[PDB]
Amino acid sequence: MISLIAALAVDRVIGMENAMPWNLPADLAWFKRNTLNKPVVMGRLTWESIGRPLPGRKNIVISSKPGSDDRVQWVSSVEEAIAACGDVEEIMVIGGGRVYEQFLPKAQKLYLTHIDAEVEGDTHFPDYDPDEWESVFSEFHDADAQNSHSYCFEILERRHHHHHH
């Protein structure tokens, strides 16, 4: 299965100047817990924002150009990225906007962190129809000394039905 994991501020904001316009350590733990020992697929710009491999996970970067870091696996297409993941139960797509756009139609699961911050972005999470998705998990947290905004984790599963001809 293909899953997307993303943190979204107000108005689907996910990025600004190749960074995330917030600081939420609590989201880091949620992200690790849900990606641990799973392959992670990311766009080149997201890779550049990280700057080093994510420990515990098979790192796959999509780029039209040669790779600039031998520690991760570089691919040049969506099908290639999926091919590189091999025979695993869950592929985690971790960003950014362009990559989310391409994978959302193929995904069966969304792991979302809703952040209560009204902040400007230049990158947004792709639009999707809420009627295609079923929320199966919520977990709310107030802001604290380490996290300046309240946030809520959510998991959604894609709605299926019987194929008819």
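From 1 onward, residues are counted along the sequence shown.
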| field | Mean Cα B-factor comparison, 148 to 156 or 21 to 29, giving the higher one as deposited | value | 21 to 29
| message | Test of understanding: from the entry's C-alpha B-factors, which stretch has the higher mean, 97 to 105 or 60 to 68? | response | 60 to 68
| field | Position of residue 8 among the chain's modelled residues by C-alpha B-factor, lowest, middle or highest third | value | lowest
| note | Of the three thirds of the chain ranked by Cα temperature factor, residue 118 occupies the middle
| request: Using the B-factors in the PDB entry, rank residue 128's C-alpha atom against the chain and give the third, lowest, middle or highest. | output: highest
